[PDB]
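K.L.:
So here's start.pdb (PDB, C-alpha atoms).
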```pdb
MODEL        1
ATOM      1  CA  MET U   1      96.831 105.724  96.821  1.00  0.00           C
ATOM      2  CA  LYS U   2      93.856 106.920  94.811  1.00  0.00           C
ATOM      3  CA  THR U   3      94.076 106.263  91.102  1.00  0.00           C
ATOM      4  CA  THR U   4      91.819 106.156  88.063  1.00  0.00           C
ATOM      5  CA  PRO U   5      91.608 103.272  85.530  1.00  0.00           C
ATOM      6  CA  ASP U   6      93.070 105.552  82.862  1.00  0.00           C
ATOM      7  CA  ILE U   7      96.140 106.183  85.024  1.00  0.00           C
ATOM      8  CA  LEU U   8      96.536 102.489  85.878  1.00  0.00           C
ATOM      9  CA  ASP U   9      96.673 101.591  82.186  1.00  0.00           C
ATOM     10  CA  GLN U  10      99.104 104.399  81.443  1.00  0.00           C
ATOM     11  CA  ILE U  11     101.340 102.930  84.167  1.00  0.00           C
ATOM     12  CA  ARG U  12     101.514  99.496  82.506  1.00  0.00           C
ATOM     13  CA  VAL U  13     101.983 101.169  79.110  1.00  0.00           C
ATOM     14  CA  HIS U  14     104.915 103.145  80.528  1.00  0.00           C
ATOM     15  CA  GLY U  15     106.398  99.824  81.585  1.00  0.00           C
ATOM     16  CA  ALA U  16     106.293  98.689  77.972  1.00  0.00           C
ATOM     17  CA  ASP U  17     107.575 102.133  76.972  1.00  0.00           C
ATOM     18  CA  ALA U  18     110.543 101.879  79.302  1.00  0.00           C
ATOM     19  CA  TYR U  19     111.424  98.350  78.203  1.00  0.00           C
ATOM     20  CA  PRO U  20     113.667  96.958  76.998  1.00  0.00           C
ATOM     21  CA  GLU U  21     115.627  99.832  78.543  1.00  0.00           C
ATOM     22  CA  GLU U  22     116.286 100.052  82.276  1.00  0.00           C
ATOM     23  CA  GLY U  23     113.836 102.549  83.707  1.00  0.00           C
ATOM     24  CA  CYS U  24     111.365 102.880  86.542  1.00  0.00           C
ATOM     25  CA  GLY U  25     108.504 105.324  86.966  1.00  0.00           C
ATOM     26  CA  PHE U  26     107.507 108.101  89.330  1.00  0.00           C
ATOM     27  CA  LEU U  27     104.017 108.874  90.594  1.00  0.00           C
ATOM     28  CA  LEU U  28     103.064 112.540  90.456  1.00  0.00           C
ATOM     29  CA  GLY U  29      99.796 113.673  91.980  1.00  0.00           C
ATOM     30  CA  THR U  30      97.822 115.565  94.593  1.00  0.00           C
ATOM     31  CA  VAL U  31      97.159 115.090  98.293  1.00  0.00           C
ATOM     32  CA  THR U  32      93.568 113.987  98.802  1.00  0.00           C
ATOM     33  CA  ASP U  33      91.435 115.444 101.590  1.00  0.00           C
ATOM     34  CA  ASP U  34      91.907 112.146 103.448  1.00  0.00           C
ATOM     35  CA  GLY U  35      95.634 112.799 103.667  1.00  0.00           C
ATOM     36  CA  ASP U  36      96.277 110.034 101.156  1.00  0.00           C
ATOM     37  CA  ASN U  37      97.858 110.509  97.718  1.00  0.00           C
ATOM     38  CA  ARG U  38      96.212 110.469  94.302  1.00  0.00           C
ATOM     39  CA  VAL U  39      98.305 109.772  91.224  1.00  0.00           C
ATOM     40  CA  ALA U  40      97.310 112.195  88.475  1.00  0.00           C
ATOM     41  CA  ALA U  41     100.459 112.325  86.353  1.00  0.00           C
ATOM     42  CA  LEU U  42     102.963 109.691  85.273  1.00  0.00           C
ATOM     43  CA  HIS U  43     106.596 109.947  84.254  1.00  0.00           C
ATOM     44  CA  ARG U  44     109.017 107.106  83.540  1.00  0.00           C
ATOM     45  CA  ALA U  45     112.701 107.420  84.445  1.00  0.00           C
ATOM     46  CA  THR U  46     113.823 106.954  80.850  1.00  0.00           C
ATOM     47  CA  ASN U  47     114.798 109.681  78.393  1.00  0.00           C
ATOM     48  CA  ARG U  48     112.195 110.289  75.702  1.00  0.00           C
ATOM     49  CA  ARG U  49     113.556 113.218  73.712  1.00  0.00           C
ATOM     50  CA  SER U  50     113.261 113.639  69.957  1.00  0.00           C
ATOM     51  CA  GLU U  51     114.398 116.706  68.010  1.00  0.00           C
ATOM     52  CA  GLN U  52     111.491 118.938  68.957  1.00  0.00           C
ATOM     53  CA  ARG U  53     111.602 122.692  68.503  1.00  0.00           C
ATOM     54  CA  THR U  54     110.290 124.201  71.717  1.00  0.00           C
ATOM     55  CA  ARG U  55     111.467 125.663  75.016  1.00  0.00           C
ATOM     56  CA  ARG U  56     112.506 123.310  77.788  1.00  0.00           C
ATOM     57  CA  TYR U  57     111.210 123.204  81.351  1.00  0.00           C
ATOM     58  CA  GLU U  58     114.811 122.604  82.348  1.00  0.00           C
ATOM     59  CA  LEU U  59     116.341 119.606  80.586  1.00  0.00           C
ATOM     60  CA  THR U  60     115.717 115.932  79.861  1.00  0.00           C
ATOM     61  CA  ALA U  61     117.107 113.476  82.403  1.00  0.00           C
ATOM     62  CA  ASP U  62     114.102 111.757  83.987  1.00  0.00           C
ATOM     63  CA  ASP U  63     115.995 111.608  87.275  1.00  0.00           C
ATOM     64  CA  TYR U  64     114.112 112.134  90.556  1.00  0.00           C
ATOM     65  CA  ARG U  65     115.103 115.787  90.704  1.00  0.00           C
ATOM     66  CA  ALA U  66     114.047 116.321  87.095  1.00  0.00           C
ATOM     67  CA  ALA U  67     110.742 114.649  87.956  1.00  0.00           C
ATOM     68  CA  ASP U  68     110.545 116.881  91.031  1.00  0.00           C
ATOM     69  CA  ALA U  69     110.900 119.963  88.846  1.00  0.00           C
ATOM     70  CA  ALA U  70     108.403 118.599  86.312  1.00  0.00           C
ATOM     71  CA  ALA U  71     106.090 117.912  89.233  1.00  0.00           C
ATOM     72  CA  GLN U  72     106.260 121.557  90.310  1.00  0.00           C
ATOM     73  CA  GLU U  73     105.714 122.555  86.677  1.00  0.00           C
ATOM     74  CA  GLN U  74     102.474 120.589  86.825  1.00  0.00           C
ATOM     75  CA  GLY U  75     101.717 121.834  90.338  1.00  0.00           C
ATOM     76  CA  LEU U  76     102.208 118.368  91.797  1.00  0.00           C
ATOM     77  CA  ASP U  77     104.896 116.417  93.633  1.00  0.00           C
ATOM     78  CA  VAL U  78     106.242 112.878  93.800  1.00  0.00           C
ATOM     79  CA  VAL U  79     103.697 110.931  95.836  1.00  0.00           C
ATOM     80  CA  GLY U  80     105.118 107.528  94.979  1.00  0.00           C
ATOM     81  CA  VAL U  81     107.396 105.423  92.801  1.00  0.00           C
ATOM     82  CA  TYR U  82     107.016 102.248  90.762  1.00  0.00           C
ATOM     83  CA  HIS U  83     109.355  99.734  89.161  1.00  0.00           C
ATOM     84  CA  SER U  84     108.847  96.625  87.065  1.00  0.00           C
ATOM     85  CA  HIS U  85     110.888  93.436  87.256  1.00  0.00           C
ATOM     86  CA  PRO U  86     110.668  90.023  85.533  1.00  0.00           C
ATOM     87  CA  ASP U  87     110.636  88.085  88.797  1.00  0.00           C
ATOM     88  CA  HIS U  88     107.589  87.326  90.932  1.00  0.00           C
ATOM     89  CA  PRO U  89     104.154  88.446  89.645  1.00  0.00           C
ATOM     90  CA  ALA U  90     103.684  91.519  91.817  1.00  0.00           C
ATOM     91  CA  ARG U  91     105.541  92.148  95.053  1.00  0.00           C
ATOM     92  CA  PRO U  92     108.809  93.928  96.051  1.00  0.00           C
ATOM     93  CA  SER U  93     112.037  91.955  96.289  1.00  0.00           C
ATOM     94  CA  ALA U  94     114.781  92.189  98.910  1.00  0.00           C
ATOM     95  CA  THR U  95     117.048  94.756  97.259  1.00  0.00           C
ATOM     96  CA  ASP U  96     114.362  97.152  95.996  1.00  0.00           C
ATOM     97  CA  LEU U  97     112.667  96.903  99.403  1.00  0.00           C
ATOM     98  CA  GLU U  98     116.029  97.784 100.934  1.00  0.00           C
ATOM     99  CA  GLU U  99     116.566 100.635  98.460  1.00  0.00           C
ATOM    100  CA  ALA U 100     113.225 102.131  99.510  1.00  0.00           C
ATOM    101  CA  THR U 101     114.404 105.367 101.118  1.00  0.00           C
ATOM    102  CA  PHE U 102     110.938 106.958 101.151  1.00  0.00           C
ATOM    103  CA  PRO U 103     108.621 105.213 103.694  1.00  0.00           C
ATOM    104  CA  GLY U 104     106.045 107.892 102.938  1.00  0.00           C
ATOM    105  CA  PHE U 105     105.724 107.002  99.272  1.00  0.00           C
ATOM    106  CA  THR U 106     103.441 104.474  97.624  1.00  0.00           C
ATOM    107  CA  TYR U 107     105.395 101.815  95.758  1.00  0.00           C
ATOM    108  CA  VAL U 108     103.662 100.230  92.802  1.00  0.00           C
ATOM    109  CA  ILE U 109     104.898  96.842  91.673  1.00  0.00           C
ATOM    110  CA  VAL U 110     103.816  95.824  88.207  1.00  0.00           C
ATOM    111  CA  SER U 111     104.382  92.643  86.281  1.00  0.00           C
ATOM    112  CA  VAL U 112     106.169  93.454  83.072  1.00  0.00           C
ATOM    113  CA  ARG U 113     107.806  90.511  81.377  1.00  0.00           C
ATOM    114  CA  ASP U 114     110.214  91.744  78.720  1.00  0.00           C
ATOM    115  CA  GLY U 115     107.678  94.324  77.587  1.00  0.00           C
ATOM    116  CA  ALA U 116     104.434  92.527  78.406  1.00  0.00           C
ATOM    117  CA  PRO U 117     102.484  94.318  81.184  1.00  0.00           C
ATOM    118  CA  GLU U 118     100.410  91.803  83.134  1.00  0.00           C
ATOM    119  CA  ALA U 119      99.143  93.093  86.493  1.00  0.00           C
ATOM    120  CA  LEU U 120      99.722  96.029  88.840  1.00  0.00           C
ATOM    121  CA  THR U 121      99.843  96.148  92.650  1.00  0.00           C
ATOM    122  CA  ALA U 122     100.220  99.027  95.104  1.00  0.00           C
ATOM    123  CA  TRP U 123     102.217  98.632  98.294  1.00  0.00           C
ATOM    124  CA  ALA U 124     102.778 100.804 101.332  1.00  0.00           C
ATOM    125  CA  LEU U 125     106.143 100.728 103.072  1.00  0.00           C
ATOM    126  CA  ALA U 126     106.046 100.396 106.848  1.00  0.00           C
ATOM    127  CA  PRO U 127     107.141 103.567 108.736  1.00  0.00           C
ATOM    128  CA  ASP U 128     109.766 101.453 110.504  1.00  0.00           C
ATOM    129  CA  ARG U 129     110.780 100.097 107.083  1.00  0.00           C
ATOM    130  CA  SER U 130     110.946  96.357 107.648  1.00  0.00           C
ATOM    131  CA  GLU U 131     108.611  95.201 104.896  1.00  0.00           C
ATOM    132  CA  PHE U 132     105.755  96.267 102.652  1.00  0.00           C
ATOM    133  CA  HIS U 133     102.050  95.989 103.288  1.00  0.00           C
ATOM    134  CA  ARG U 134      99.378  95.552 100.672  1.00  0.00           C
ATOM    135  CA  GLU U 135      96.955  98.347  99.954  1.00  0.00           C
ATOM    136  CA  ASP U 136      93.852  97.996  97.839  1.00  0.00           C
ATOM    137  CA  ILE U 137      93.362  99.891  94.589  1.00  0.00           C
ATOM    138  CA  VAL U 138      90.922 102.685  95.276  1.00  0.00           C
ATOM    139  CA  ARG U 139      89.441 105.159  92.860  1.00  0.00           C
ATOM    140  CA  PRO U 140      89.077 108.798  93.976  1.00  0.00           C
ATOM    141  CA  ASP U 141      85.687 109.686  95.446  1.00  0.00           C
ATOM    142  CA  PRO U 142      83.164 110.630  92.697  1.00  0.00           C
ATOM    143  CA  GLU U 143      83.240 114.240  93.843  1.00  0.00           C
ATOM    144  CA  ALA U 144      86.795 115.094  94.941  1.00  0.00           C
ATOM    145  CA  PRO U 145      86.797 118.404  96.904  1.00  0.00           C
ATOM    146  CA  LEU U 146      89.335 121.219  96.625  1.00  0.00           C
ATOM    147  CA  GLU U 147      93.018 120.395  96.948  1.00  0.00           C
ATOM    148  CA  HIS U 148      95.324 122.214  99.355  1.00  0.00           C
ATOM    149  CA  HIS U 149      98.754 121.300  97.977  1.00  0.00           C
ATOM    150  CA  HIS U 150      98.007 121.453  94.252  1.00  0.00           C
ATOM    151  CA  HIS U 151      99.467 124.400  92.362  1.00  0.00           C
ATOM    152  CA  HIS U 152      98.904 125.492  88.770  1.00  0.00           C
ATOM    153  CA  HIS U 153     101.740 126.500  86.480  1.00  0.00           C
TER     154      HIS U 153
ENDMDL
END
```
How would this structure read if it were set down as structure tokens?

P.N.:
Amino acid sequence: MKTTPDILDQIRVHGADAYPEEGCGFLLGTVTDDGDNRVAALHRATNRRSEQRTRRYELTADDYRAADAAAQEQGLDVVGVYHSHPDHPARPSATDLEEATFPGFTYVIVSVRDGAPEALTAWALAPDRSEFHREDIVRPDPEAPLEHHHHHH
């Protein structure tokens, strides 16, 4: 998972944005030349819809499929998921580990205590799906060549 400091902060802010409501967040981005994922866009699974007068991409729902569509709208896809819980500083629990259906996604665990975003951690799920392994937070190379999966809508 490649990510920039600006994105990392936006992640913790989205945790405070989601709270006190029950919502997680999806990681939308591009596939780096290494074969690894870079998070470039963020979207929390919580409905943020005021009375705005404009045309819709589809509808507001913030469900995975809605995020999938929004991803395509941005020319990206869901490269990972993240969820905050007020228990343990930063590591997946038993149930959310068990509910991890996507062993190819990067799972970010972030400490948000009733609205207060403390620290963020990125975890990679084992291909056999028994547990998570810790990955270090890496910024995209200071050049970043052409993408091969990225589209532009």

K.L.:
Written as a PDB file with C-alpha atoms, in the frame of the given file, what is the full residue list that the PyMOL selection byres ((chain U and resi 113-126) around 9) yields on the file shown?

P.N.:
```
ATOM      1  CA  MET U   1      96.831 105.724  96.821  1.00  0.00           C
ATOM      2  CA  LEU U   8      96.536 102.489  85.878  1.00  0.00           C
ATOM      3  CA  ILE U  11     101.340 102.930  84.167  1.00  0.00           C
ATOM      4  CA  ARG U  12     101.514  99.496  82.506  1.00  0.00           C
ATOM      5  CA  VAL U  13     101.983 101.169  79.110  1.00  0.00           C
ATOM      6  CA  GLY U  15     106.398  99.824  81.585  1.00  0.00           C
ATOM      7  CA  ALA U  16     106.293  98.689  77.972  1.00  0.00           C
ATOM      8  CA  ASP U  17     107.575 102.133  76.972  1.00  0.00           C
ATOM      9  CA  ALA U  18     110.543 101.879  79.302  1.00  0.00           C
ATOM     10  CA  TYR U  19     111.424  98.350  78.203  1.00  0.00           C
ATOM     11  CA  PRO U  20     113.667  96.958  76.998  1.00  0.00           C
ATOM     12  CA  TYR U  82     107.016 102.248  90.762  1.00  0.00           C
ATOM     13  CA  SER U  84     108.847  96.625  87.065  1.00  0.00           C
ATOM     14  CA  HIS U  85     110.888  93.436  87.256  1.00  0.00           C
ATOM     15  CA  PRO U  86     110.668  90.023  85.533  1.00  0.00           C
ATOM     16  CA  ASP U  87     110.636  88.085  88.797  1.00  0.00           C
ATOM     17  CA  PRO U  89     104.154  88.446  89.645  1.00  0.00           C
ATOM     18  CA  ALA U  90     103.684  91.519  91.817  1.00  0.00           C
ATOM     19  CA  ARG U  91     105.541  92.148  95.053  1.00  0.00           C
ATOM     20  CA  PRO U  92     108.809  93.928  96.051  1.00  0.00           C
ATOM     21  CA  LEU U  97     112.667  96.903  99.403  1.00  0.00           C
ATOM     22  CA  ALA U 100     113.225 102.131  99.510  1.00  0.00           C
ATOM     23  CA  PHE U 102     110.938 106.958 101.151  1.00  0.00           C
ATOM     24  CA  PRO U 103     108.621 105.213 103.694  1.00  0.00           C
ATOM     25  CA  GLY U 104     106.045 107.892 102.938  1.00  0.00           C
ATOM     26  CA  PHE U 105     105.724 107.002  99.272  1.00  0.00           C
ATOM     27  CA  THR U 106     103.441 104.474  97.624  1.00  0.00           C
ATOM     28  CA  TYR U 107     105.395 101.815  95.758  1.00  0.00           C
ATOM     29  CA  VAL U 108     103.662 100.230  92.802  1.00  0.00           C
ATOM     30  CA  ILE U 109     104.898  96.842  91.673  1.00  0.00           C
ATOM     31  CA  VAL U 110     103.816  95.824  88.207  1.00  0.00           C
ATOM     32  CA  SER U 111     104.382  92.643  86.281  1.00  0.00           C
ATOM     33  CA  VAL U 112     106.169  93.454  83.072  1.00  0.00           C
ATOM     34  CA  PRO U 127     107.141 103.567 108.736  1.00  0.00           C
ATOM     35  CA  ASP U 128     109.766 101.453 110.504  1.00  0.00           C
ATOM     36  CA  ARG U 129     110.780 100.097 107.083  1.00  0.00           C
ATOM     37  CA  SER U 130     110.946  96.357 107.648  1.00  0.00           C
ATOM     38  CA  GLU U 131     108.611  95.201 104.896  1.00  0.00           C
ATOM     39  CA  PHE U 132     105.755  96.267 102.652  1.00  0.00           C
ATOM     40  CA  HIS U 133     102.050  95.989 103.288  1.00  0.00           C
ATOM     41  CA  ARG U 134      99.378  95.552 100.672  1.00  0.00           C
ATOM     42  CA  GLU U 135      96.955  98.347  99.954  1.00  0.00           C
ATOM     43  CA  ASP U 136      93.852  97.996  97.839  1.00  0.00           C
ATOM     44  CA  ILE U 137      93.362  99.891  94.589  1.00  0.00           C
TER      45      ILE U 137
END
```

K.L.:
Please list, as JSON, numbers by chain, the residues that have an atom at most 8 Å away from (92.0, 116.8, 97.4) in the coordinates of this file, counting all atoms listed in the file.

P.N.:
{"U": [30, 31, 32, 33, 34, 144, 145, 146, 147, 148]}

K.L.:
So what do you get for CA of residue 88 in chain U versus CA of residue 24 in chain U, distance-wise?

P.N.:
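Distance reported for this atom pair: 16.6 Å.
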
K.L.:
Tell me, in Å to one decimal, how far CA of residue 44 in chain U is from CA of residue 62 in chain U.

P.N.:
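It comes out at 6.9 Å.
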
K.L.:
For the structure shown, which residues end up in the PyMOL selection byres ((chain U and resi 68-77) around 7)? Put them as a ChimeraX atom specification, please?

P.N.:
/U:28-30,64-67,78-79,150-153

K.L.:
Quote the spacing between CA of residue 23 in chain U and CA of residue 94 in chain U in Å to one decimal place.

P.N.:
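Distance reported for this atom pair: 18.4 Å.
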
K.L.:
Excluding same-chain residues fewer than 5 positions from residue 3 in chain U, what lies within 6 Å of it counting only C-alpha atoms, as a compact mmCIF listing (two decimals) with C-alpha atoms, keeping the file's coordinate frame?

P.N.:
```
# COMPACT_ATOMS: atom_id res chain seq x y z
CA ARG U 38 96.21 110.47 94.30
CA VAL U 39 98.30 109.77 91.22
CA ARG U 139 89.44 105.16 92.86
```

K.L.:
Looking at U:59, U:26, U:142, U:149, which one is nearest to residue 41 in chain U, with distances taken over all atoms listed in the file?

P.N.:
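For residue 41 in chain U, the nearest of the candidates is U:26.
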
K.L.:
How big is the axis-aligned box around all listed atoms of range 108-120 of chain U once 6 Å goes on each side, and where's its centre, in Å to one decimal, as JSON?

P.N.:
```
{"center_x": 104.7, "center_y": 95.4, "center_z": 85.2, "size_x": 23.1, "size_y": 21.7, "size_z": 27.2}
```

K.L.:
Would you mind telling me which residue in U:58, U:40, U:21, U:47 lies nearest to residue 4 in chain U when using only C-alpha atoms?

P.N.:
U:40

K.L.:
Provide range 3-19 of chain U rebuilt to N, CA, C and O atoms, formatted as a short mmCIF file (atom, residue, chain, number, x, y, z; two decimals), in the frame of the given file.

P.N.:
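Result file out.cif:
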```
data_model
loop_
_atom_site.label_atom_id
_atom_site.label_comp_id
_atom_site.auth_asym_id
_atom_site.auth_seq_id
_atom_site.Cartn_x
_atom_site.Cartn_y
_atom_site.Cartn_z
N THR U 3 93.70 106.26 92.50
CA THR U 3 94.08 106.26 91.10
C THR U 3 92.89 105.89 90.22
O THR U 3 91.99 105.16 90.65
N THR U 4 92.87 106.44 89.02
CA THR U 4 91.82 106.16 88.06
C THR U 4 92.27 105.10 87.06
O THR U 4 93.47 104.95 86.80
N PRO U 5 91.32 104.34 86.49
CA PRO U 5 91.61 103.27 85.53
C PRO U 5 92.48 103.73 84.36
O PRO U 5 93.31 102.98 83.86
N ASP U 6 92.28 104.98 83.94
CA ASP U 6 93.07 105.55 82.86
C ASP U 6 94.54 105.69 83.26
O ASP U 6 95.43 105.45 82.46
N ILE U 7 94.78 106.05 84.52
CA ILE U 7 96.14 106.18 85.02
C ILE U 7 96.79 104.81 85.15
O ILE U 7 97.94 104.62 84.74
N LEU U 8 96.04 103.86 85.70
CA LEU U 8 96.54 102.49 85.88
C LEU U 8 97.04 101.89 84.57
O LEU U 8 98.09 101.25 84.53
N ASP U 9 96.29 102.11 83.49
CA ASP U 9 96.67 101.59 82.19
C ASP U 9 97.91 102.30 81.68
O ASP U 9 98.83 101.68 81.16
N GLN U 10 97.95 103.61 81.84
CA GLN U 10 99.10 104.40 81.44
C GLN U 10 100.37 103.95 82.18
O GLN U 10 101.47 104.05 81.65
N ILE U 11 100.21 103.45 83.41
CA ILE U 11 101.34 102.93 84.17
C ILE U 11 101.92 101.69 83.48
O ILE U 11 103.13 101.63 83.24
N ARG U 12 101.06 100.73 83.15
CA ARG U 12 101.51 99.50 82.51
C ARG U 12 102.08 99.78 81.11
O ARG U 12 103.04 99.15 80.68
N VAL U 13 101.49 100.76 80.42
CA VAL U 13 101.98 101.17 79.11
C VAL U 13 103.38 101.78 79.23
O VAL U 13 104.24 101.54 78.39
N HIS U 14 103.60 102.56 80.28
CA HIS U 14 104.92 103.14 80.53
C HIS U 14 105.95 102.07 80.82
O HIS U 14 107.13 102.25 80.54
N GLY U 15 105.51 100.95 81.38
CA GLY U 15 106.40 99.82 81.58
C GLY U 15 106.87 99.25 80.27
O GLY U 15 108.04 98.89 80.12
N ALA U 16 105.96 99.16 79.31
CA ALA U 16 106.29 98.69 77.97
C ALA U 16 107.08 99.75 77.21
O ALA U 16 107.85 99.44 76.30
N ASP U 17 106.88 101.01 77.59
CA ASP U 17 107.58 102.13 76.97
C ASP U 17 109.02 102.19 77.44
O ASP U 17 109.92 102.48 76.66
N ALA U 18 109.21 101.90 78.71
CA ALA U 18 110.54 101.88 79.30
C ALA U 18 111.37 100.72 78.76
O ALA U 18 112.53 100.89 78.39
N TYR U 19 110.75 99.55 78.68
CA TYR U 19 111.42 98.35 78.20
C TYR U 19 111.71 98.47 76.71
O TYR U 19 110.96 99.11 75.98
#
```
